[PDB]
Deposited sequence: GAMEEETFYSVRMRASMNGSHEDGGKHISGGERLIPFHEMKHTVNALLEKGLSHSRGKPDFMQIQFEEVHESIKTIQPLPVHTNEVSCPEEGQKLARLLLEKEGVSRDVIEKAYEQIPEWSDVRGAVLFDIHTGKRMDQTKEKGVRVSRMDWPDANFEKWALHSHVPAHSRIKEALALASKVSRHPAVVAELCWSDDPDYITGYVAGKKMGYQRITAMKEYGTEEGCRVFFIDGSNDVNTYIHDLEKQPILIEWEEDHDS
């Protein structure tokens, strides 16, 4: 009854990143999961790939189980309104306005980062040295049956895109060096994003960009005296399962 990390990446054609996925599962779900990842890479709205890697490996570290972040959905009528709300939420979560503004000026240049960017709240600058690779959070997952119940109860659609985002966001927010996350999709067909943090949980914002744009974003705002490589190793390696508790 050991668990397995299963990862996928796909690209078209410096190939254009198409898709990526990370799962953490018991062995008997291997076929379904390899197939799900396969399908997800093949039928992606960003294009059809000519390169793909799928990989699995046994996880030896013990698995921590946590609840998902509390969720609140902020209806907005347009992107400029959502982005404005997001900047306000980041501030209320503890990021200084100047650090936010500095980050927003560089977000456009980070659109091609395949993973996430780490931004130091002390130095007002990018902290990681992974460049276009970014920091890829992995070994987190949310068993589907539990997620469906959570969706039902939370009156949210049971879209796997939400399951994956919230699993990621809950793992990342747990890290003591992470004050906040800002995310929206690089998929032209999906405009909802979020801001997430310990105090205000997972704050969905229903419009963060215009349809048809392919620029997405993932930034983790970091407050830590420790070195960045420690934080990177935690985000990449530490296994997390989400389990929401009905009571």
Could you list, start to end, the deposited-sequence stretches with no C-alpha atoms? 1 to 5, 19 to 23, 258 to 260
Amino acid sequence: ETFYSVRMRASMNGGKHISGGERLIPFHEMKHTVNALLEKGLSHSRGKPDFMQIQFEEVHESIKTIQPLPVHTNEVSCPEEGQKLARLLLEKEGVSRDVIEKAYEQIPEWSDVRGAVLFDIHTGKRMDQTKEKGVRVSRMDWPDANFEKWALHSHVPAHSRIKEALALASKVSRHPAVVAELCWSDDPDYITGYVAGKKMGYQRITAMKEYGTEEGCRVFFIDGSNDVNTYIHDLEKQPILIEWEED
From here on, numbers count along this sequence of modelled residues.
Among the other PDB entries compared that flank it on both sides, is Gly15 unmodelled in a third or more? yes
May I ask you to compare 43 to 51 and 198 to 206 by their mean CA B factor in the entry and name the higher one? 43 to 51
For 121 to 129 versus 134 to 142, entry-based mean Cα B-factors point to 121 to 129
From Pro26, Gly193, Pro70, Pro188, which pick has the Cα B-factor that tops the rest in the entry? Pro188
Just to confirm, going by the entry's C-alpha B-factors, which of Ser170, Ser154, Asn74, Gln106 comes out highest? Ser154
Position of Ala165 among the chain's modelled residues by C-alpha B-factor, lowest, middle or highest third: lowest
Test of reading the entry: by CA B factor among the chain's modelled residues, which third contains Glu181? lowest
Entry-reported C-alpha B-factor of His175 relative to its chain, by third, is lowest
Sorting the chain's modelled residues by C-alpha B-factor and splitting them into thirds places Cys78 in the highest
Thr65: C-alpha B-factor third of its chain, per the entry, is the lowest
